[PDB]
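Student: structure, please.
(4 chains)
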Amino acid sequence: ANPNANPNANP
Amino acid sequence: XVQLXXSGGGXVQXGXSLXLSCXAXXXXXXXXXXXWXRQXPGXXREXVXXXXXXXXXXXXXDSXXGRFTXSXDXXXXXXXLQXXXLXXXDXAXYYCXXXXXXXXXXXXXXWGXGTXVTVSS
Amino acid sequence: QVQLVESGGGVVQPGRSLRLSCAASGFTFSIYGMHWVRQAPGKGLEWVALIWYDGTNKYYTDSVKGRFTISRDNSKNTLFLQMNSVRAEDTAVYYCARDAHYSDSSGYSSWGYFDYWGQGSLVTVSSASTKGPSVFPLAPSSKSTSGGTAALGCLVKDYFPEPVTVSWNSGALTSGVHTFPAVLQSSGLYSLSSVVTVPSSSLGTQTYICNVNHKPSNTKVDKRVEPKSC
Amino acid sequence: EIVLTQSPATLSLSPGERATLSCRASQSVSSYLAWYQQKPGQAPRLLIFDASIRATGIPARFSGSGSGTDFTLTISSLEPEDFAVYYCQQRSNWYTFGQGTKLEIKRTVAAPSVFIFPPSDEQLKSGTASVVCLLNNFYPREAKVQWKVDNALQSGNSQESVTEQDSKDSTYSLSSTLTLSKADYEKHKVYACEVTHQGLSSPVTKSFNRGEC
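Tutor: Numbers count the residues shown, from 1 in each chain, chains lettered A, B, ... in the order given. Below, you will see the structure:
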């Protein structure tokens, strides 16, 4: 898993 | 270890311009701030200006802001005080000193011999 | 409208736990990832933890992983930081921050920056007990005279936690006052001084009193500052 | 772990002038860089993100440029509300910040006035002696304080505190506090603090003799 993935709704 | 030799002073009319020089020998001064002071007859030595290392700026006394400018020629181990719009009250012996503290706390260990500037018509 | 209001800070002993809250208003809380960032006294910013909008994925900086837990309650628009097994090095102002989600008309999308922040909550990790300051005069003399101006003050020593406040002459003297930031001593207690400059001719005439308040210990002290002959 | 290094540590400028702030990353962060402003006691404020995109509500005088490892924040005409600390931050690999650059107000040189205070009799009766040296209303910030007790230079037994630039005159003030046991204090006579600053041609010393105050 990527700690810098988008953490907000609807990427 | 280091010697400071000043030049450029002399007699100038009110409103005129001069440039003082302070040439250092014996040690390289590019890493150190260099300051100008002046002492009028009977008074204490007053701060005039400081040229820090290139990129670190110049700072000035209230009495000379806007009229005097410091600059450096590191390749020639020399600093300068450009003096414009001179007034009789600027008459004094002008001194240069090296700040031996590279962190700029004003450890003035070596001083030039002084050069007289007289502003009179 | 965007607001983040934090609560829950204070003093916590080493090894214990403290929970911070961040109440959000003025935006759709449940669509935003949320972060905690902290700032130790006198130092820079350090990212602490992140939680996805839906509470699933959570990430932590190495020095808190396994000790702190991030959570959220979307129905109450609140973000939490549960700090466990705390250590002195966790002392800091803790900010919550919203993930700066951004998009444009062409499908560009950004995130991973901090666009709105709480006001900060100070967490002080210490074993020290609540204690008011001892207040001592800094007396004026000729060794504290420069020209026709003298300086005097009060040393406000050995208190915990912050803060103290200092006034002079019950608030009548404000010009020339400098009250320094506290320093943490090796003892774990704080100390500071407050000074003021005044006309030297006033030393024989004018009464100078510093008024010190330390609310956590209900300490109130007036100290008269009288001249000396140094 | 990506390390961001900011330069210079302090920039001393006047309103109207252009301010140029630098941030260098230890390895490439592509364009995933932001700039923040922070004033004392307040939360940071996002100015620029993705290296060059201005955040909503940020004045046009702020601009960001760069990519890879070298980034610049420029303020084309500084205004009074811009004096603050500025940080950069990356989100290419985890989340790290630079150490900050302080943008301070320049003014003319003012040497500190120097004052020394002896410990009070009240404090002495209790076991400790604090001796305080005050450097008042000076600029620029750099200064050195040395304590001497019977002419012997002290080390390790003093702590300094400094104010923020004064709102009206833009100067700093600084205290240095020497802490000794009462027993040690009572072994010596002359207590001196020696101050240097670029506005002082010679160091300024203030001293007292124990028990003559």
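Student: I'd like the domain boundaries of chain D, if you could list them.
Tutor: Segmentation of chain D into domains, based on curated CATH domains, reads D:1-107, D:108-213.
Student: wait, residue D:50 sits on residue D:29?
Tutor: No - applying CB atoms under 8 Å, one finds residue D:50 not in contact with residue D:29, separated by 10.7 Å. C-betas here are computed from N, CA, C, even on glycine.
Student: would you list the domains of chain D in TSV and tack on mean neighbour count and distance to chain C?
Tutor: Converted to TSV, these look like this (neighbours: other CB atoms under 10 Å in any protein chain shown; distance: least, CB to the nearest CB, whole Å):
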stretch	mean neighbour count	distance to chain C
domain D:1-107	18	3
domain D:108-213	18	4
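Student: up against chain D, what does chain A have?
Tutor: Applying CB under 8 Å from any CB of the partner chain, we find that chain A lies next to chain D at A:3, A:4.
Student: mind checking the SS state of residue 2?
Tutor: You didn't pick a chain, so chain A it is. coil (DSSP: H, G, I helix; E, B strand; the rest coil).
Student: can you pull the buried residues of stretch C:85-101?
Tutor: For stretch C:85-101, a neighbour-count test (16 or more other CB atoms under 10 Å in any protein chain shown) marks C:86, C:90-101 as buried.
Student: of those residues, which is the nearest to chain A?
Tutor: When the buried residues of stretch C:85-101 are compared for distance to chain A, the smallest value, 4.1 Å, is given by residue C:101; criterion: CB to the nearest CB.
Student: do stretch C:84-104 and chain D meet?
Tutor: Yes - using CB under 8 Å from any CB, stretch C:84-104 reaches chain D at C:95, C:100, C:102.
Student: touching chain A at all, that stretch?
Tutor: Yes - if you take CB under 8 Å from any CB as the test, stretch C:84-104 does meet chain A, through C:99, C:101.
Student: how far does that stretch stretch from start to finish?
Tutor: Distance between the two ends of stretch C:84-104: 40 Å, counting by CA to CA, to the nearest Å.
Student: give me the most central residue, chain A.
Tutor: For chain A, the residue lying nearest the average C-alpha position, counting by CA atoms, centre = their mean, turns out to be residue A:6 (2.2 Å).
Student: can you list the buried residues of stretch C:85-101 in JSON lines and add distance to residue C:170?
Tutor: Converted to JSON lines, the buried residues of stretch C:85-101 look like this (distance: CB to CB, whole Å):
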{"residue": "C:86", "distance to residue C:170": "40"}
{"residue": "C:90", "distance to residue C:170": "39"}
{"residue": "C:91", "distance to residue C:170": "34"}
{"residue": "C:92", "distance to residue C:170": "35"}
{"residue": "C:93", "distance to residue C:170": "32"}
{"residue": "C:94", "distance to residue C:170": "36"}
{"residue": "C:95", "distance to residue C:170": "37"}
{"residue": "C:96", "distance to residue C:170": "39"}
{"residue": "C:97", "distance to residue C:170": "41"}
{"residue": "C:98", "distance to residue C:170": "44"}
{"residue": "C:99", "distance to residue C:170": "49"}
{"residue": "C:100", "distance to residue C:170": "47"}
{"residue": "C:101", "distance to residue C:170": "52"}
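Student: which ones among the residues you listed come in contact with chain B?
Tutor: Counting by CB under 8 Å from any CB, the subset of those that neighbours chain B is empty.
Student: residue C:70: which of the residues you listed is nearest?
Tutor: Ranked by distance to residue C:70 (CB to CB), the buried residues of stretch C:85-101 are led by residue C:96 at 9.8 Å.
Student: chain C - how does it break down into domains?
Tutor: For chain C, the structural domains run C:3-125, C:134-224, going by automatic domain parsing.
Student: can you add distance to residue D:1 and give the ones you listed back as CSV?
Tutor: Rendered in CSV, the data for the domains of chain C read as follows (distance: least, CB to CB, whole Å):
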stretch, distance to residue D:1
domain C:3-125, 9
domain C:134-224, 28
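Student: wait, which of the ones you listed is closest to residue D:84?
Tutor: For those, the distance to residue D:84 is smallest for domain C:3-125, at 13.5 Å, taking CB to CB.
Student: returning to what we had before: could the domains of chain D be laid out in TSV, adding distance to chain B?
Tutor: Output for the domains of chain D, formatted as TSV (distance: least, CB to the nearest CB, whole Å):
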stretch	distance to chain B
domain D:1-107	6
domain D:108-213	4
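Student: is it possible to export these to TSV including distance to residue C:37?
Tutor: Shown next, in TSV, are the domains of chain D (distance: least, CB to CB, whole Å):
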stretch	distance to residue C:37
domain D:1-107	8
domain D:108-213	22
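Student: with respect to residue C:133, which of those lies nearest?
Tutor: Go through the domains of chain D one by one with CB to CB and the one that ends up closest to residue C:133 is domain D:108-213, at 11.9 Å.
Student: one step back: among the buried residues of stretch C:85-101, which ones are in strands?
Tutor: The strands in this structure, assigned by DSSP state E, contain C:92, C:93, C:94, C:95, C:96, C:97, C:98, C:99 from these.
Student: the third one bridge partners, please.
Tutor: Residues found in beta-bridge contact with residue C:94 (criterion: DSSP bridges) are residue C:38, residue C:121.
Student: does it touch residue C:9 like I think?
Tutor: Yes - under the criterion of CB under 8 Å, residue C:94 is in contact with residue C:9, at a separation of 7.0 Å.
Student: quickly list what's touching both of the two.
Tutor: Here residue C:94 and residue C:9 share the contacting residues C:20, C:121, C:122, C:123, scored by CB atoms under 8 Å, 6 or more residues apart in numbering or on different chains.
Student: would you check which pair of these lies furthest apart?
Tutor: Pairwise distances among the shared contacts of residue C:94 and residue C:9 were taken by CB to CB; the largest, 10.5 Å, belongs to C:20 and C:122.
Student: who has more neighbours, the two?
Tutor: When residue C:20 and residue C:122 are compared on other CB atoms under 10 Å in any protein chain shown, the one with more neighbours turns out to be residue C:20, at 22 against 17.
Student: who's in contact with that one?
Tutor: Under the criterion of CB under 8 Å, 6+ apart, the contact partners of residue C:20 comprise C:6, C:7, C:8, C:9, C:36, C:80, C:81, C:83, C:94, C:96, C:121, C:123.
Student: same question for residue D:163.
Tutor: If a contact means CB under 8 Å, 6+ apart, then residue D:163 has C:178, C:180, C:181, D:172, D:173, D:174 as its contacts.
Student: sec struct for the last one, please.
Tutor: The three-state label given to residue D:174 by three-state DSSP is strand.
Student: which non-adjacent residue is nearest residue 8?
Tutor: All of this refers to chain A. Nearest residue to residue A:8, sequence neighbours excluded (CB to CB, 6 or more residues apart in numbering or on different chains): residue C:101, at 4.1 Å.
Student: that's the wrong chain, I meant chain D
Tutor: Across the structure, with CB to CB, 6+ apart as the measure, the residue nearest residue D:8 apart from its sequence neighbours is residue D:101 (6.4 Å).
Student: so that neighbour touches residue D:4, yeah?
Tutor: No - with contact defined as CB under 8 Å, residue D:101 does not count as touching residue D:4 (11.3 Å).
Student: ramachandran angles for the residue in chain C positioned nearest to chain B?
Tutor: Among the residues of chain C, residue C:147 lies closest to chain B, at 12.9 Å counting by CB to the nearest CB. Torsion angles at residue C:147 (phi, psi; degrees, to the nearest 10) stand at phi 80, psi -130.
Student: again with the one 4 residues further on
Tutor: The phi and psi torsions at residue C:151 (degrees, to the nearest 10) take the values phi -120, psi 150.
Student: hmm, who's touching stretch C:126-137?
Tutor: Counting by CB under 8 Å, 6+ apart, residues outside stretch C:126-137 touching it are C:11, C:13-14, C:88, C:91, C:152-161, C:164, C:188-189, C:191, C:210, C:212, C:214, C:216-219, C:221, C:223-226, D:119-120, D:122-123, D:126, D:130.
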